[PDB]
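One structure is given here, and the rest of the page talks about it.
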Amino acid sequence: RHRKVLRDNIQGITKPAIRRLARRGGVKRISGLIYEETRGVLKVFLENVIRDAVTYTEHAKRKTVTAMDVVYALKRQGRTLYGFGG
Amino acid sequence: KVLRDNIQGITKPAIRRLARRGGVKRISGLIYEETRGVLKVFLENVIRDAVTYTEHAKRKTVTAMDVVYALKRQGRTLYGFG
Amino acid sequence: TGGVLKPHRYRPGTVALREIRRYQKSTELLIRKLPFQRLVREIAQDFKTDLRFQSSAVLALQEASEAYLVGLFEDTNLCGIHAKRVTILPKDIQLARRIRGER
Amino acid sequence: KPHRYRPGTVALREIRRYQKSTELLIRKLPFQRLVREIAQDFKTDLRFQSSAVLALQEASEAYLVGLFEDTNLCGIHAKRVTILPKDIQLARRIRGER
Amino acid sequence: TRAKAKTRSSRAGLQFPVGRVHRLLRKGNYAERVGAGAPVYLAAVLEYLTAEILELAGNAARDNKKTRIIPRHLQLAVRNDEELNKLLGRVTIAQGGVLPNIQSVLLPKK
Amino acid sequence: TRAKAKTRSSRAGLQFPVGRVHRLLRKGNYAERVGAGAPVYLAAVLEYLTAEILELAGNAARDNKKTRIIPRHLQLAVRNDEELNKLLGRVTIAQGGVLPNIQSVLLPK
Amino acid sequence: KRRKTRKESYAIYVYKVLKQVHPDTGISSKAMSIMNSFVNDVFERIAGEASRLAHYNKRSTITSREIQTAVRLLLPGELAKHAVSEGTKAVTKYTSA
Amino acid sequence: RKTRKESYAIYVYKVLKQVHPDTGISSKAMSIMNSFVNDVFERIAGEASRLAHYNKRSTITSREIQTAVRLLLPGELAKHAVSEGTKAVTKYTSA
Amino acid sequence: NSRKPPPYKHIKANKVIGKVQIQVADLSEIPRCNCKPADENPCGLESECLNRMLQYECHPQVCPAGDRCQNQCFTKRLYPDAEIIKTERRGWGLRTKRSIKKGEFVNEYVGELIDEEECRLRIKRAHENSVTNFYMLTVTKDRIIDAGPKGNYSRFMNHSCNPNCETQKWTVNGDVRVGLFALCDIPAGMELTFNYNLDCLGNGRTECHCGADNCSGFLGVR
DNA sequence: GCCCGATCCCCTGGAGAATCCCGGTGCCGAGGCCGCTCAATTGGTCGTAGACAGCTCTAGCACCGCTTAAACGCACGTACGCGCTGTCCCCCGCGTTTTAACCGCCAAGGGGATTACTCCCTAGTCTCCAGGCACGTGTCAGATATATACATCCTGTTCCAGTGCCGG
DNA sequence: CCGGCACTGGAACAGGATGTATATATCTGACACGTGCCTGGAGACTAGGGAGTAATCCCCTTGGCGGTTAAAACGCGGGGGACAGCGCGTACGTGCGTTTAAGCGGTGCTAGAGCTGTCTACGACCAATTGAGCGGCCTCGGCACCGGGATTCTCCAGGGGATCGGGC
Ligand SMILES: C[S@@+](CC[C@H](N)C(=O)[O-])C[C@H]1O[C@@H](n2cnc3c(N)ncnc32)[C@H](O)[C@@H]1O
Ligand SMILES: [Zn+2]
Ligand SMILES: [Zn+2]
Ligand SMILES: [Zn+2]
């Protein structure tokens, strides 16, 4: 029954961890306010997918979010994902 | 009985009206030869699918539902014709 | 010896803002029907020869073309205002389409 | 005088380094603790598989890497080389999300 | 046919055809079988989405001193509601025009 | 069964199972009656499509001087061909990376 | 005359729901086609999502429970909280009598 | 127990040994080609269905499966694959 | 020389005479602003009124501001002050008696409606006797505002190459009207002036005896 | 010293004036009233899909210890956002004359939508056998670290061009 | 009024330091192969209807013709907006010393996915019957357009009482 309450984990997306994604995309010079907006952009994309994964799960009467609920939730938004079983 | 040059029927004031409804206040002078180039490639991708939907039914008339299905095939649903 | 008294012409930017508020309230179509209809029949003459169109089939492409262009010119305006301008140039449409996905 | 590389090169040569490897660029445990927490608002006491947390990391990375590709075109549109916070909102608003 | 007839709409208390929705579910190749409370549920979610749009359409048609809903009012009805604009995001309504909006940086300053 | 068994994929000269495509069509609730020359046509297309994304992946994997094929080679053989890049436009390939590309304005002088 | 064949629509149920929320206004002919098409377009989405729900789980039936989940997946935040209510009420009122 | 899980693995592998005899393939790669095929299949059949339903029919035939290809594959694929299919269909009958 | 100007029928609105008609509008061809119950000046001077920035006349029955919108400035008619004073050799001219501000609704310009053919006939008739026809203003085609026979106290408005007020062109209730506004705020006591352009049909034998640094020119040249 | 035939601040006899009240008349489209026909309700029969109750076993959560790669502050100096000013040019408003879009007709025939009638092509059962999937296994392609070999990046000490400015 | 002992600016390339690459030992765990077994695909018939084929009827697509007139085309002026160039300073890139969790191996464990056996309620299927829904025919009237008095207001109108310049 150990439900260790979680809090303020969005700060695990550090500053270098965002500079690396910006580099992979082709960005040369990064400003100083992008770091607080990329987290806000990510925490919104994540909800719209985890909500649908949990919905697909509740309908099958289970308790384990599986690796196909996520693939279906993504395919439902026009973001098909190859490689994890389809 | 062939046709040609009829792309000059999308005249200059006719593009200014569409721009004004868009919301633009000033307009350059080379937009008028670039808009006719965006339009003539939106019509081909739709008339191609309309003519295919027609030929599949062995008809000779591009009816009004061929166009609605061809527009639905590209995520541009159109309400009010079927 | 004989003259008239004409008033001062409108300041630039008045007859262009009156139309913006006028056309954003009507609902008509904005391209001449017969010139738009000859264009369609010419374009479709490259896929199958000697075919016919319905009266409300030539009238359905025209209500989609306009709603395509009017919605493209709303996203061009934002790029122009982004680059600190008022005038939309030929290089705003390309960025609009590129970011949107069509190219 | 430790040879002091000039600004603009140590970034330009790690751009061309991160565009040849295909690893994952975010930390595993810090990312996993976040997915498990966002999913407390929808149902208490959930359980994630091992391959369900790796299916979201790749989607998120492939979303951000292709948001920054479009950011880096607005910034060049405005005649700049840096990307400010006002470039991301334009990209999203033209795509159609905001 | 030995008793008095009643439709399945009046049983649930709806105004949409529970008899016609069942037929479309069957003859449309959606699944091999169809439960018995699927049409009764699917019609009560269609009358609600219709009421929610016709009410806003009537409200926006009242505010031009008019007494009849024409395709412009349906455009002005969805484009201003934050959820219906998202349900009908990629949908064109024939002869609807656009919304009145001039950018705040174009207006003649002083 | 006087005659000897002859698979329905050899009658056509294919390698994809016409016997399994037909069943997946029939038991997939796509229509009521399923024709008899439909799976023979669908398998021939499925087999041609998977023999154009592999002829390019092989060539991409031989420029890194390798013998096996890994996901990176599929992303390279997909985003470098203009028809498959339009067919598989909105699709992510796990462990794919991105295409080497650096804008022409940021370069030094 | 060949007695033209009947073609059905929701053009008389759209016209009955209107007199419950506005007892005196009317509706236009070219603006009834739009509501017809809206119903024909929303019915198909909510049915074609229940189809896939019942197929992922290896079932063979649409019930009053695939339709409830398809609605939660299709409708936005607040719409999908009164629609479920109206549904789960119009079935309790039907299974009772 | 551990009943089955069918896939197109042993056919994709057969097709590989025709274009590149001296070549292998990694597990992950295999699990991508599998999903590619499972995805194109129900993207083509899901159009033959709608075609047959628009024309008030009941049979999926070669004509529906062929037109569903011109509405899916772009450009030269739509012209190569169609000829690749009319060969198999022709050879099947004369057998 | 204490005589007075020849009588002119003082009038408050325009009068139709020729073949032209009236285009009075209904309460559906009038634009609607974006103001709202707000400070003392709704649709006011500094108020960012959509109609006011576009030179339209607000309406008391369509605007949300009720009836106190300060854009209704073509019915209140709150005009300038004391009439003709004596100048050197010009006819009479005018001046102001009460001070005003910058960009204020100075009096309108009102008279009779004449068409082009009646206009050419009237000027050619007045030309044979060389009466020196002086009152003739136009706005659009087949519509010319005349102030010769009758008019208002706007007819003795003097010309200059460095003016003080200007002649705009507003749109009031479906119709177009001419209203003169101020360039720079002035205390009471400077004779109001505005420039205008001419149209020569014969020759140029007129000089600008107004008085300024470059003002010599001609009655059709700046 | 008082008064009178013409002459002006004011008035009102009609005429006008023009516009609110109120009333007919004529309509595209909508709103109701019957003849019809065929799809939805009722009542039973029947067979399979789905709901429970076990029962095995595996894989997700939780812990602990150790090493070291990555996050974090901190300081500097520099390339680059951002405001300002000047200039010129190209896009807007205002006339004039030209052209072809709209509208209202009449007119002849291509082909779309039905209907009747007779194949032949697919679903559906049996019967039988081989293709494909899980399991256990060997061996080799690709991933590490080690060492050395050139590309690239940056600068500072030599290297022409012209004069600093003073003058006779 | 243009120049000479000795000064002043503009250009460039080796020389390090770094970084990416060249060829090898070594090794290990994942890919490619048989092997045995089951279940799903192939062969042969049989019965019912979905679609191919021919012939009709009439809707409606395309084709001219003329006439009124609003929108497109063209050229002239004048001023606001796009673009380049400078100048100042603020914020981000780079390198280094250090603290802080991420990553990697064992170990335990038990919660819950997964699989199989009964069996019972629930939906498909058939026959019949009657009432709802669709096409068609009449309506009525709420509103667009005109008048008719005609009320509220002025306005053009010459004129009833002051006014006076002389008049008596
Ligand atoms: C309104 S009338 C002026 C009449 C009279 N001079 C006055 O000011 O009362 C305008 C006519 O005066 C003539 N004019 C020319 N220069 C003038 C000036 N400087 N002041 C007044 N009128 C002038 C012009 O011919 C013009 O047609
Ligand atoms: Zn206002
Ligand atoms: Zn107002
Ligand atoms: Zn002057």
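Note on naming: chains are A, B, ... as they come in the structure tokens, residues start from 1 per chain, ligands start from 1 in the order shown.
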Within 12 Å of ligand 4, counting only C-alpha atoms (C1' of nucleotides) and all ligand atoms, residues as a ChimeraX atom specification: /I:158-163,193-196,206-222
Residue 23 (chain E) environment, 12 Å, only C-alpha atoms (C1' of nucleotides), sequence neighbours closer than 4 positions dropped, as an mmCIF file with C-alpha atoms (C1' of nucleotides), in the first residue's frame:
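File produced: result_2.cif:
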data_model
loop_
_atom_site.group_PDB
_atom_site.id
_atom_site.type_symbol
_atom_site.label_atom_id
_atom_site.label_comp_id
_atom_site.auth_asym_id
_atom_site.auth_seq_id
_atom_site.Cartn_x
_atom_site.Cartn_y
_atom_site.Cartn_z
ATOM 1 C CA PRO E 17 -35.387 7.369 -33.993
ATOM 2 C CA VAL E 18 -34.154 4.483 -31.883
ATOM 3 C CA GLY E 19 -35.577 2.284 -34.606
ATOM 4 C CA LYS E 27 -26.359 -2.736 -41.949
ATOM 5 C CA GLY E 28 -23.176 -0.700 -41.749
ATOM 6 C CA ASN E 29 -20.587 -3.384 -41.004
ATOM 7 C CA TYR E 30 -19.472 -2.179 -37.589
ATOM 8 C CA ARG E 33 -23.627 -8.397 -33.472
ATOM 9 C CA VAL E 34 -25.138 -5.333 -31.836
ATOM 10 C CA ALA E 36 -29.784 -3.947 -27.321
ATOM 11 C CA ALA E 38 -26.522 0.631 -28.069
ATOM 12 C CA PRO E 39 -29.077 2.535 -30.191
ATOM 13 C "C1'" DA J 39 -40.239 -0.833 -42.388
ATOM 14 C "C1'" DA J 40 -40.577 -1.132 -37.088
#
Proximity to chain C - best of J:93, J:124, J:131, J:111, only C-alpha atoms (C1' of nucleotides): J:93
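Using only C-alpha atoms, we find that the part of chain H lying within 10 Å of chain A comprises residues 28, 29, 30, 31, 32, 33, 34, 35, 36, 37, 38 and 39 of chain H.
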Residues within 12 Å of residue 83 (chain J), only C-alpha atoms (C1' of nucleotides), excluding chain neighbours under 2 positions, as a list in words: residues 81 and 85 of chain J; 86, 87, 88 and 89 of chain K
Take the residues from that selection and put them in a file with C-alpha atoms (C1' of nucleotides), as a PDB file, in the first residue's frame.
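Writing the result to again39.pdb gives the following:
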ATOM      1  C1'  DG J  81      19.605  42.061 -30.362  1.00  0.00           C
ATOM      2  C1'  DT J  85      18.005  58.041 -38.791  1.00  0.00           C
TER       3       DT J  85
ATOM      4  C1'  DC K  86      25.755  52.935 -36.969  1.00  0.00           C
ATOM      5  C1'  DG K  87      26.045  52.823 -32.267  1.00  0.00           C
ATOM      6  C1'  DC K  88      25.396  51.241 -27.600  1.00  0.00           C
ATOM      7  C1'  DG K  89      25.019  47.574 -23.992  1.00  0.00           C
TER       8       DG K  89
END
All residues having an atom within 12 Å of ligand 3 (only C-alpha atoms (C1' of nucleotides) and all ligand atoms) as a PyMOL selection string: chain I and resi 30-38+40-45+47-53+56-73
Atoms to include: N, CA and C atoms. Write the selected residues as a compact mmCIF listing (two decimals), in the first residue's frame.
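Final file, again-v2.txt:
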# COMPACT_ATOMS: atom_id res chain seq x y z
N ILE I 30 -25.91 50.30 -41.60
CA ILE I 30 -25.13 51.17 -40.73
C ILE I 30 -24.17 50.31 -39.92
N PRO I 31 -22.87 50.59 -39.95
CA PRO I 31 -21.91 49.78 -39.20
C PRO I 31 -22.07 49.96 -37.70
N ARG I 32 -21.57 48.98 -36.96
CA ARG I 32 -21.68 48.97 -35.52
C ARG I 32 -20.30 48.94 -34.89
N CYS I 33 -20.08 49.83 -33.93
CA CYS I 33 -18.79 50.03 -33.31
C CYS I 33 -18.49 48.91 -32.32
N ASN I 34 -17.39 49.04 -31.58
CA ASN I 34 -17.02 48.11 -30.52
C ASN I 34 -16.97 48.77 -29.15
N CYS I 35 -17.47 49.99 -29.01
CA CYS I 35 -17.46 50.66 -27.72
C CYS I 35 -18.46 49.99 -26.79
N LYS I 36 -18.64 50.56 -25.61
CA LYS I 36 -19.46 49.97 -24.57
C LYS I 36 -19.70 51.02 -23.49
N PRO I 37 -20.67 50.83 -22.59
CA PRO I 37 -20.83 51.78 -21.48
C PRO I 37 -19.51 52.00 -20.77
N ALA I 38 -18.97 53.21 -20.91
CA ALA I 38 -17.59 53.50 -20.55
C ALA I 38 -17.51 54.95 -20.08
N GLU I 40 -16.93 59.08 -19.67
CA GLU I 40 -17.75 60.20 -20.13
C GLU I 40 -17.78 60.34 -21.65
N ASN I 41 -16.70 59.96 -22.33
CA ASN I 41 -16.66 60.08 -23.78
C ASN I 41 -16.65 58.70 -24.43
N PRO I 42 -17.80 58.05 -24.64
CA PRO I 42 -17.82 56.86 -25.48
C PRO I 42 -17.89 57.26 -26.95
N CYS I 43 -17.12 56.56 -27.77
CA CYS I 43 -16.94 56.93 -29.18
C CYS I 43 -16.43 58.36 -29.29
N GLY I 44 -15.74 58.80 -28.24
CA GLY I 44 -15.31 60.18 -28.14
C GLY I 44 -14.11 60.49 -29.01
N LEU I 45 -13.51 61.66 -28.78
CA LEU I 45 -12.36 62.12 -29.54
C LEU I 45 -11.17 61.17 -29.45
N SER I 47 -11.15 58.43 -27.71
CA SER I 47 -11.66 57.07 -27.65
C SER I 47 -11.40 56.36 -28.96
N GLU I 48 -10.81 55.18 -28.86
CA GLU I 48 -10.47 54.35 -30.01
C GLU I 48 -11.75 53.77 -30.61
N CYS I 49 -12.62 54.65 -31.09
CA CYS I 49 -13.87 54.24 -31.71
C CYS I 49 -13.58 53.79 -33.13
N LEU I 50 -14.03 52.58 -33.46
CA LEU I 50 -13.79 52.02 -34.78
C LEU I 50 -14.34 52.91 -35.88
N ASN I 51 -15.56 53.41 -35.69
CA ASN I 51 -16.19 54.28 -36.67
C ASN I 51 -15.49 55.62 -36.78
N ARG I 52 -15.08 56.19 -35.65
CA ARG I 52 -14.44 57.49 -35.66
C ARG I 52 -13.08 57.44 -36.35
N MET I 53 -12.33 56.35 -36.18
CA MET I 53 -11.07 56.25 -36.91
C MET I 53 -11.29 56.07 -38.40
N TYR I 56 -16.79 57.53 -40.07
CA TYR I 56 -18.21 57.23 -40.12
C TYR I 56 -18.95 57.95 -39.01
N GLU I 57 -20.26 58.10 -39.20
CA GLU I 57 -21.13 58.74 -38.23
C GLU I 57 -21.87 57.68 -37.44
N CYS I 58 -21.67 57.68 -36.13
CA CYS I 58 -22.27 56.67 -35.27
C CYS I 58 -23.79 56.84 -35.26
N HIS I 59 -24.48 55.81 -34.79
CA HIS I 59 -25.91 56.07 -34.81
C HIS I 59 -26.52 55.84 -33.43
N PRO I 60 -27.47 56.68 -33.02
CA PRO I 60 -28.03 56.56 -31.66
C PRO I 60 -28.83 55.30 -31.43
N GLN I 61 -29.29 54.63 -32.49
CA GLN I 61 -30.16 53.47 -32.35
C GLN I 61 -29.43 52.15 -32.51
N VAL I 62 -28.17 52.17 -32.94
CA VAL I 62 -27.42 50.94 -33.16
C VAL I 62 -26.20 50.83 -32.25
N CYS I 63 -25.67 51.94 -31.76
CA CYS I 63 -24.46 51.89 -30.95
C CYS I 63 -24.79 51.37 -29.56
N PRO I 64 -23.92 50.57 -28.95
CA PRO I 64 -24.17 50.14 -27.57
C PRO I 64 -24.06 51.25 -26.55
N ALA I 65 -23.42 52.37 -26.89
CA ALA I 65 -23.26 53.46 -25.92
C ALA I 65 -24.57 54.17 -25.62
N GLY I 66 -25.69 53.67 -26.13
CA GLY I 66 -26.97 54.29 -25.85
C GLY I 66 -27.23 55.49 -26.73
N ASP I 67 -27.22 56.68 -26.14
CA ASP I 67 -27.46 57.90 -26.89
C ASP I 67 -26.41 58.97 -26.66
N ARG I 68 -25.54 58.82 -25.66
CA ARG I 68 -24.59 59.86 -25.31
C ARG I 68 -23.25 59.71 -26.02
N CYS I 69 -23.16 58.84 -27.02
CA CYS I 69 -21.91 58.73 -27.76
C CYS I 69 -21.58 60.05 -28.43
N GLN I 70 -20.39 60.56 -28.15
CA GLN I 70 -19.97 61.87 -28.61
C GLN I 70 -19.53 61.87 -30.06
N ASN I 71 -19.85 60.82 -30.81
CA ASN I 71 -19.57 60.76 -32.24
C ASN I 71 -20.68 61.39 -33.06
N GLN I 72 -21.88 61.50 -32.49
CA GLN I 72 -23.02 62.12 -33.17
C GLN I 72 -22.75 63.62 -33.22
N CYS I 73 -21.95 64.05 -34.19
CA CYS I 73 -21.60 65.45 -34.34
C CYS I 73 -22.08 66.05 -35.65
Taking only C-alpha atoms (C1' of nucleotides) into account, which residues of chain A are within 9 Å of chain J, as a tab-separated table (two decimals) with C-alpha atoms, in the first residue's frame?
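And here's out-v6.tsv as it stands now:
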chain	number	residue	atom	x	y	z
A	14	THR	CA	17.09	19.99	-16.91
A	15	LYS	CA	18.74	22.80	-18.87
A	16	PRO	CA	21.29	20.65	-20.74
Proximal residues of chain D relative to chain E (only C-alpha atoms; 12 Å) as a PyMOL selection string: chain D and resi 96-98
Residues just named, written with N, CA and C atoms as a CSV table (one decimal), in the first residue's frame:
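That gives us result26.csv:
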chain,number,residue,atom,x,y,z
D,96,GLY,N,-1.6,24.6,-35.6
D,96,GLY,CA,-3.1,24.6,-35.3
D,96,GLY,C,-3.4,24.0,-33.9
D,97,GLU,N,-2.4,24.0,-33.0
D,97,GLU,CA,-2.5,23.4,-31.7
D,97,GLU,C,-3.0,24.5,-30.7
D,98,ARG,N,-2.4,25.7,-30.7
D,98,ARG,CA,-2.9,26.7,-29.8
D,98,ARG,C,-4.1,27.4,-30.3
Show me, as CSV, the residues of region 1-76 of chain I having an atom within 12 Å of region 118-136 of chain I, each with the closest atom pair and its distance in Å, using only C-alpha atoms.
residue,atom,partner,partner_atom,distance
I:17,CA,I:118,CA,10.3
I:18,CA,I:118,CA,7.8
I:19,CA,I:118,CA,9.5
I:20,CA,I:118,CA,11.3
I need the residues from that last selection saved to file as a PDB file, in the first residue's frame (with N, CA, C and O atoms), if you can.
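So out_27.pdb came out as:
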ATOM      1  N   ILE I  17     -32.543  69.577 -56.147  1.00  0.00           N
ATOM      2  CA  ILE I  17     -33.172  70.337 -57.217  1.00  0.00           C
ATOM      3  C   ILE I  17     -33.153  69.587 -58.541  1.00  0.00           C
ATOM      4  O   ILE I  17     -34.194  69.441 -59.189  1.00  0.00           O
ATOM      5  N   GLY I  18     -31.985  69.111 -58.966  1.00  0.00           N
ATOM      6  CA  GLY I  18     -31.822  68.542 -60.290  1.00  0.00           C
ATOM      7  C   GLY I  18     -32.420  67.162 -60.479  1.00  0.00           C
ATOM      8  O   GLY I  18     -33.457  66.837 -59.895  1.00  0.00           O
ATOM      9  N   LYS I  19     -31.776  66.344 -61.309  1.00  0.00           N
ATOM     10  CA  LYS I  19     -32.250  65.004 -61.622  1.00  0.00           C
ATOM     11  C   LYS I  19     -31.772  63.967 -60.614  1.00  0.00           C
ATOM     12  O   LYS I  19     -32.031  62.774 -60.794  1.00  0.00           O
ATOM     13  N   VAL I  20     -31.085  64.395 -59.562  1.00  0.00           N
ATOM     14  CA  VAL I  20     -30.536  63.496 -58.558  1.00  0.00           C
ATOM     15  C   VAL I  20     -31.624  63.223 -57.528  1.00  0.00           C
ATOM     16  O   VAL I  20     -32.559  64.013 -57.362  1.00  0.00           O
TER      17      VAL I  20
END
